[PDB]
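Structural characterization, general
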Amino acid sequence: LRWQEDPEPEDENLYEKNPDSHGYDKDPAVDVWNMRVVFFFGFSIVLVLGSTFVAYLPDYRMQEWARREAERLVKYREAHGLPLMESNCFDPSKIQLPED
Amino acid sequence: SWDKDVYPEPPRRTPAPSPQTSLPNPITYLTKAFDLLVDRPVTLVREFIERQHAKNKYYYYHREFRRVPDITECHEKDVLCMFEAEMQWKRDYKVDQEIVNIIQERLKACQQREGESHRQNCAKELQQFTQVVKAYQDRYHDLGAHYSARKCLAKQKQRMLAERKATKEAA
Amino acid sequence: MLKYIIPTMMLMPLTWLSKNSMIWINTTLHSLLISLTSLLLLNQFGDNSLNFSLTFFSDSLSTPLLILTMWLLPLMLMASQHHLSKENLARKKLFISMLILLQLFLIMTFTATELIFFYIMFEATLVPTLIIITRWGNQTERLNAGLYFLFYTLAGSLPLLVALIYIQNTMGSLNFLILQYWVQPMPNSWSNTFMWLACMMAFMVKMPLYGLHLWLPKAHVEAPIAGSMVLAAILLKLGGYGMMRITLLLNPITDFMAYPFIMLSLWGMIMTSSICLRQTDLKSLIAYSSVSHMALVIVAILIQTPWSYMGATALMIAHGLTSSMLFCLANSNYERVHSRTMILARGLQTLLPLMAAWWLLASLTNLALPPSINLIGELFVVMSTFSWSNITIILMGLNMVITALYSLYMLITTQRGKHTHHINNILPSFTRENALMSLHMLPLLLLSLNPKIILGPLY
Amino acid sequence: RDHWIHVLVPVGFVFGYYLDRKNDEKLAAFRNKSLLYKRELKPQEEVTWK
Amino acid sequence: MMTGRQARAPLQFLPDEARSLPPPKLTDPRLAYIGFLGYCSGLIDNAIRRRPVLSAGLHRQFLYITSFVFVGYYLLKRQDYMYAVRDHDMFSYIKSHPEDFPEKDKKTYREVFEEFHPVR
Amino acid sequence: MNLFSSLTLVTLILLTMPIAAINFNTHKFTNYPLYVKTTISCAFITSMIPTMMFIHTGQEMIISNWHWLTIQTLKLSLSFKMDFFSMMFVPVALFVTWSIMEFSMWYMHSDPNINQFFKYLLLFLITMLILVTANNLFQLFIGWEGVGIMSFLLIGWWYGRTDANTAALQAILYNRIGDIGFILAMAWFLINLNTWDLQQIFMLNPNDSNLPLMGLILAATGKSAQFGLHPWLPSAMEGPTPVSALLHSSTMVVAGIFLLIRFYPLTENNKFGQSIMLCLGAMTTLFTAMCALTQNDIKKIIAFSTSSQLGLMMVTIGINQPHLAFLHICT
Amino acid sequence: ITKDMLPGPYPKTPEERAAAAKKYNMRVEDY
Amino acid sequence: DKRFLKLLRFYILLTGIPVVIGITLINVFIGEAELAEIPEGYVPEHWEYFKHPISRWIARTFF
Amino acid sequence: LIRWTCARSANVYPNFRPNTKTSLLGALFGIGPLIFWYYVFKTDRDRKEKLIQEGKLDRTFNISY
Ligand SMILES: CCCCCCCCCCCCCCCCCC(=O)OC[C@H](COP(=O)([O-])OCC(O)COP(=O)([O-])OC[C@@H](COC(=O)CCCCCCCCCCCCCCCCC)OC(=O)CCCCCCCCCCCCCCCCC)OC(=O)CCCCCCCCCCCCCCCCC
Ligand SMILES: CCCCCCCCCCCCCCCCCC(=O)OC[C@H](COP(=O)([O-])OC[C@H](O)COP(=O)([O-])OC[C@H](COC(=O)CCCCCCCCCCCCCCCCC)OC(=O)CCCCCCCCCCCCCCCCC)OC(=O)CCCCCCCCCCCCCCCCC
Ligand SMILES: CCCCCCCCCCCCCCCCCC(=O)OC[C@H](COP(=O)([O-])OCC[N+](C)(C)C)OC(=O)CCCCCCCCCCCCCCCCC
Ligand SMILES: CCCCCCCCCCCCCCCCCC(=O)OC[C@H](COP(=O)([O-])OCC[N+](C)(C)C)OC(=O)CCCCCCCCCCCCCCCCC
Ligand SMILES: CCCCCCCCCCCCCCCCCC(=O)OC[C@H](COP(=O)([O-])OCC[N+](C)(C)C)OC(=O)CCCCCCCCCCCCCCCCC
């Protein structure tokens, strides 16, 4: 024969001793408080207040500013007859080219 | 509201109602019902909320960045100057992105507004769109995900060498 | 970053001084508080990154990975507390300590300003993951799995170390902020070719690259549930994060060094997705789907356009949530039938209808149903690869056929058809299980309302 | 305190937050010295940020 | 490398010029980490002898912490001394050899030509 | 303006309200199918007012009401196009759906999951009106994949039947083959025209429109079950009869046809695309009407009937008559 | 489940073919 | 399943209904900022560049 | 069922022998498509790069990439 071994323990059903089980623990008071901790700090705190936080981020990565600033510049250069954008990012007077 | 120069609209010409039939159209009755049942309660609620705003008025500001020296007048590997030049370049690139967005909004608003004669009546918005997309493309296209003011300056210097060579060979 | 590092370390006395019935509740509570705290990293700017100190910074690439990392720890604790219920109390605390230690290494992997400190935290993540897989994995093969996971990584990462130290000798610094301004072009040579391979192959193993992927359908399959959650959701993304940082230094040689790897990814996502059509093990199917999804992130990082980096970081966050949820769903069936064979327990919608709705939503996000951030990342990568070469749409579009086909097949096999007659231990879904599914799926769907926070530094 | 273990992670937040602020005073060499944001100090002001 | 530097006065753990340097603070985070290592050694010493880990032998745990802090303070003094010696020798050698360390002409990026590589 | 746009959005929000009711529930409903049917009859009545004031003046608008996401030069907004196509298709779809649901209150009365069935049928209607009212390709793609997924869930309604699951996955497979061409079109329009909005596509009006129109034709071949990608529509008769009546005859399967009607300013300047649509539609309308001559299952005969009618719609797109094709949809 | 009921190498001798036919619950003439 | 969905809706609404009521009261009674030009010599605080009160509060308190 | 799932995964490499058939199939289906798609995408991008640098590819409104 083979060695001295414990047999396979049968798989427990948490609903047998506790039909009101939330599946967190076999102690029902610990089970209910684990459920309340998960649901309050997960849904009531992180999800709700976190989605509210993300919804009211103060102009995340200055997009709104960038529209408003663009609405300045267009309005400056529509009126002064300038082109809306130059092809040159940098002034060609402040660039030395390698001569050839 | 907004500024009517950066977002322009032509003057609205609606025709006067000239009913030929004797049948009353339901649209006028539904417009009167929308004015009574919907528009006046919404207006009264908004006037209440607007009075509550006027009780405590406070202000926000559009942030003004002064111009720092750009990447051309930063010494090579001088991180304190070229950091500020790079931040200025990133802000200007984000603003140029929004300028292209403004001109695209003008183009799309003209296409809806002019309707079935949109092709003739939106040539100016199409021309402004073509100019600003050519400028944006010459300035920022093909830089890559790791773009910087250095990549943009190298692209501009390559384009200026090509333009100088084309001017020299044509004379 | 030290306002996150110190509470993560304080989770260690919190788990070791807790009462024996309170060690899941307390660690779950305070890890959820750390995850709520992680949203202060969303102070991102359009030009500058959020630069805390000489050691730590956080731009819009590292910030969603940090929020996802700090979010995944309570979900891993919830997923793992049931199958470790009969465990010894000290081994249970050691398991939680390995998860806490892995969170600690990850949050300063993603915020490491300097690249060799990135390397040390990046490789430090191996040790808790190896311990979790080989100690709390269920089967024999975990031991062999722990070897493959260990030795595909180090064989890729020890040439990275040398390469990084070479950059330290050449540039004088490995600060990523300094290297943004002092980067020199990397010309075509053999020295720079093996420089490129040493900089890239560790992250190619971590992604995984197709052909280097063989550690993953052993490591993610043989792991326990928290191991598989952190392996699919976070540790694959160390490779994508590290590529997005390291390809700053690899231009312009990348423009032809990427060509083989792109092929290995573009054909590889055709292969591994096809592999998912014939997987008999459900957890292996989810693992091969992770290889197929990360192939797109490899292509998007190698073609290095703005659209491709935005799609790749969106797809990394979306795949993290979706693959972690899919492993948790497969575990919820494994904790009832005690087999990972997918054809075994069938017709489960007749028995478990709300869990079948979770299977449906996770399958729909797996096949990138719009407007999910799965589809946002998928679609933006497809746009950028079409601009790279118009023919790629073939290999892209065919992939989206097969991705649909294995996603619903998984949904049809396990949830639909007739239930298996002889299986009678299908318990009703616990509140913990549905909670775990909702804490994956509800943030994933809420990110479709505001996806700009997961679009990365060049949104 | 009967629930002294629930302050380990919060105080470790606050102290961690404290050290971050304490590090900012060690990285203040360019406070009111950048070309973008240098300005004259307002009355009853000694530093532009802390 | 620096072994001929500390060879005219050998076997000095901290030479007399090391007293020109500011000593490490007692709130040095390196010194706090060494004290933490002493506390971990005290816990492992309780664990391997099957004592209750946090409670047993507080005098022994405190002598572990104290002995590590005591040794580590002087180790940090010598560490800071040797890096100060390294920089002192570096700066004196650069100052005495100007022909090997010329002042490089820094060029602004208006003159610096860099090749552009399009990502397309 | 204020009547038109308000009742336009009230129709769609009103359709979303029973989904919010069924998802926020505790009790067993006092006839949730009657509530969904009353809601859809009311949405028909509410959608008739902008339709009447389009018939009066030709009044069209675009409601770009929520800025969603700006990818550097691609501003994506929740944008609704109230033109002739939406103004006629939304009341016809709501009227047909109101008849389908009063039919379903009888036909599906024995079904213990009748509330889930009315929920799925309303989710189809919401995704279909998202499809037909969309102004940009991303929102149209949301509606497109949404009607595909509700098609899956409603073909495989009796999910213990292996044939229902097989037909549902077959419908998914052929529609993803068409989605290859949809995403090809989106990729071409983004890379070449910098837009997914219909207005900038039509205003730029590209001459080299072979490849995006081939993508749109592939998308319609999948969605409208044209030849090559046709058999999923006769397989889709495995679902319940109101599913076949609503989705697979009258409302969903015209969407591909609707897609090519939506891009008629591009197809009218491309004779090659017109010839492709003409030959494909004639092939489809011959082949499926030929298949219908010998079938014995009555739903298969009506399914080959409607795929032949979709082939006829594709023909009249191919002869550069898109408004007759849309009239044949509504008829 | 145990090791002699798992699949193994290709059967070469006829008694190995017989015992692997017995393992897969089928006749030797059908295996 | 019904107990999970009841508890899910309960714990979402437990803070969500006070958050919606509070956002409504802030939008009605406190109200949104008005864009103004920066006065001469005035240096605005960093939270004074934002329009909504909750955004200004986040910028002042945390960022 | 266990025997089937073990044969499909774990028994394959203990019963693999590298011979002419497995090598010629492993190299045809393993590196064949890689070479194929390499030459397809390389030829396409060389042709497109030549058209762009010669000013021939219409890139008029292409500013998203
Ligand atoms: C309501 C309870 C809901 C349930 C509670 C629990 C909810 C769950 C938990 C949620 C926890 C929070 C989660 C994070 C979100 C945070 C909030 C946020 O981000 O808000 C964003 C956003 C911005 O809020 P904000 O920045 O605070 O305000 C911006 C203003 O500048 C500043 O605002 P303002 O000052 O300009 O406006 C002040 C506003 C206060 O502001 C608010 O209330 C907005 C905040 C509400 C947020 C609620 C979000 C939760 C989700 C709601 C949606 C689901 C509900 C259930 C399902 C419904 C059907 C789908 O005042 C009013 O509301 C009063 C006006 C009432 C007008 C109607 C009645 C007029 C006639 C009355 C006649 C009788 C009296 C006559 C005499 C009167 C004498 C005095 O707020 C909203 O989006 C509000 C929701 C409504 C949007 C429009 C809805 C219609 C759109 C239709 C077309 C588009 C869709 C088409 C779909 C087509 C089919 C596919
Ligand atoms: C910031 C404030 C935000 C407020 C608004 C919320 C925004 C979305 C958040 C996520 C919502 C998901 C929650 C429900 C699904 C999961 C649970 C479930 O199945 O429960 C069934 C249960 C009712 O079923 P039952 O009869 O009792 O039992 C179920 C049966 O066992 C059998 O079940 P079944 O199979 O018969 O029924 C499942 C059915 C199955 O139906 C399907 O699977 C078909 C769906 C796909 C086709 C149709 C949609 C296509 C796309 C169009 C919609 C998006 C764009 C629309 C805009 C216009 C176009 C651009 O799913 C639904 O009917 C769910 C409706 C919503 C579906 C959303 C899309 C999921 C598809 C996959 C991803 C697609 C892209 C992402 C879209 C994200 C949009 C934001 O629902 C509940 O009890 C609901 C509990 C409370 C849910 C709270 C949701 C918000 C949580 C966030 C908390 C923090 C912020 C506070 C906001 C609170 C607002 C109140
Ligand atoms: C994030 C990276 C890591 C990933 C994992 C993170 C997990 C940790 C969780 C932390 C907390 C949650 C973080 C993510 C939060 C995302 C949510 C969020 O902030 O949203 C902000 C979004 C932002 O929208 P916005 O940008 O328009 O907001 C305007 C900005 N303010 C408010 C300042 C003016 O908020 C909203 O959208 C609020 C509007 C109401 C909500 C939507 C209502 C309609 C929804 C659909 C209804 C039905 C339509 C038809 C369908 C029919 C049925 C199918
Ligand atoms: C996961 C499995 C695969 C892992 C692959 C990992 C990367 C593969 C390539 C690694 C090459 C070795 C490290 C290169 C570091 C580059 C640093 C550098 O400056 O290079 C330029 C330097 C150049 O020398 P230099 O920089 O001192 O010279 C000055 C500069 N010039 C050239 C102008 C004079 O390259 C080298 O010195 C040699 C580079 C090649 C090294 C060849 C030996 C190793 C071969 C590959 C082994 C890979 C792992 C094998 C194990 C597999 C698993 C068991
Ligand atoms: C029953 C509940 C309803 C509300 C009850 C309580 C209020 C009572 C009635 C008064 C109305 C409330 C005040 C007005 C509403 C707020 C107005 C406002 O300015 O809000 C700020 C904004 C308006 O947009 P915005 O342009 O000002 O700001 C967007 C933010 N940025 C600029 C950063 C992008 O947000 C909203 O209104 C949010 C609600 C949107 C409604 C539609 C949601 C659809 C969700 C789909 C998700 C996926 C989309 C993918 C596809 C997109 C297209 C391609």
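Conventions and cut-offs
Residues numbered from 1 in each chain as written, not as in the entry; some residues may be left out. Chains lettered and ligands numbered in written order. Part of a larger assembly, values for the part shown. Heavy atoms only, no water. Near = heavy atom within 4 Å. Polar contact = N/O pair within 3.5 Å; in protein donor to acceptor, adjacent residues only side chain to side chain. Areas by Shrake-Rupley, 256 points an atom, 1.4 Å probe, with all protein chains shown as cover. Helix = DSSP H or I, 4+ residues; strand = E, 2+ residues; numbered from the N terminus. Nonpolar A, V, L, I, M, F, W, Y, C, P; charged D, E, K, R; others polar. Salt bridge = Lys/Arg side-chain N within 4 Å of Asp/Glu carboxyl O. Buried < 20%, exposed > 50% of the residue type's maximum accessible area, 1.4 Å probe, protein only. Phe/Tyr/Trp six-rings, centres within 6.5 Å; stacked < 30°, edge-to-face > 60°. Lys NZ or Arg CZ within 6 Å of the ring centre and 35° of its normal. Contact = heavy atoms within 4.5 Å. Disulfide = S-S within 2.5 Å.

- The record lists cryo-EM as the method behind this PDB entry and 2.5 Å as its resolution.

1. Looking at the site of ligand 4
Residues and elements named next belong to chain C.
- In the neighbourhood of ligand 4, the contacting residues comprise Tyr152, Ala155, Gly156, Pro159, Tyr166, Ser191, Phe194, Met195, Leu197, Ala198, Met201 and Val205.
- The contact in question runs from an oxygen atom of ligand 4 to an N or O atom on the side chain of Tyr166, over 2.9 Å.
- Its free accessible area being 1100 Å², ligand 4 has 43% of it covered by the protein chains.
- Take the shell around ligand 4: its biggest share by element is 7 residues, from helix α9 (residues 190–206).
- Across the shell around ligand 4, the residue classes break down as 10 nonpolar, 2 polar and no charged.

2. What to know about the pattern of salt bridges
- Summed over all chains, the structure comprises 52 salt bridges over all chains.
- B:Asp138 is paired through a salt bridge with B:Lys134; the nearest N and O atoms lie 2.4 Å apart. Taken together, the residues B:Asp138 and B:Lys134, both in helix α4 (residues 123–140) and 4 residues apart, mark about one turn of the helix.
- Note that F:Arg161 is salt-bridged to F:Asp163, the shortest N-O span being 3.2 Å.
- By relative accessible area, F:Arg161 is classed as partly exposed at 39%.
- Owing to a relative accessible area of 41%, F:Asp163 belongs among the partly exposed residues under this scheme.

3. Description of the packing of aromatic side chains
- Scanning the entire structure with this criterion turns up 75 aromatic pairs over all chains.
- An aromatic cluster is defined as three or more aromatic residues linked by ring pairs; in this entry it consists of C:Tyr259, C:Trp388, I:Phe36, I:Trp37, I:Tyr38, I:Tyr39 and I:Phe41.
- For the cation-ring pair, C:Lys218 lies above C:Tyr148, with the distance from its terminal atom to the ring centre recorded as 3.1 Å.
- Its end group placed over the ring of F:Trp144, F:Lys223 keeps NZ or CZ at 4.8 Å from the ring centre.

4. Describing the side chain of F:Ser104
Residue and element names in this part refer to chain F.
- Along the chain, the position of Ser104 falls in helix α3 (residues 84–107).
- Assessed through its relative accessible area of 0%, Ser104 is described here as buried.
- A distance of 2.6 Å separates a polar side-chain atom of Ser104 from the backbone oxygen of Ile100.
- Ignoring anything within four residues of it in the chain, the contact list for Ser104 reads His109, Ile114, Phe117, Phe118, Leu121 and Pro242.

5. Observations concerning the state of the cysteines
Residue and element names in this part refer to chain B.
- Per the counting criterion, the structure on display carries 1 disulfide over all chains.
- In this model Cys110 forms its disulfide with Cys122; the gap between the sulfur atoms is 2.0 Å. Its torsion about the S-S bond being -100 degrees, the disulfide of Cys110 and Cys122 is classed as left-handed. Pair noted here: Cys110 is in helix α2 (residues 79–114) and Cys122 is in the loop between α3 (118–121) and α4, with a separation of 12 residues, a long-range link. The burial state of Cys110 is the same as that of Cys122; both residues are buried.

6. Describing the site of ligand 1
- Lining the immediate environment of ligand 1, one finds 29 residues, of which A:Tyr56, H:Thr24, H:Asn27, H:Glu32 and H:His52 sit closest.
- Chains contributing residues to the immediate surroundings of ligand 1 are chains A, B, F and H.
- B:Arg46 is positioned with one of its side-chain polar atoms (N or O) 3.2 Å from an oxygen atom of ligand 1.
- Contacts to ligand 1 include H:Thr24, whose side-chain N or O atom sits 3.1 Å from an oxygen atom.
- Look at ligand 1: alone it shows 2100 Å² of surface, and the protein chains cover 49% of it.
- Only α2 (28–55) of chain A, α1 (26–55) of chain B, α1 (2–23) and β2 (74–82) of chain F together with α1 (2–30) of chain H provide two or more residues apiece to the shell around ligand 1.
- By residue number, the principal contributor to the shell around ligand 1 is α1(H), which donates 9 residues.
- For the shell around ligand 1, the class distribution of residues is 19 nonpolar, 8 polar and 2 charged.

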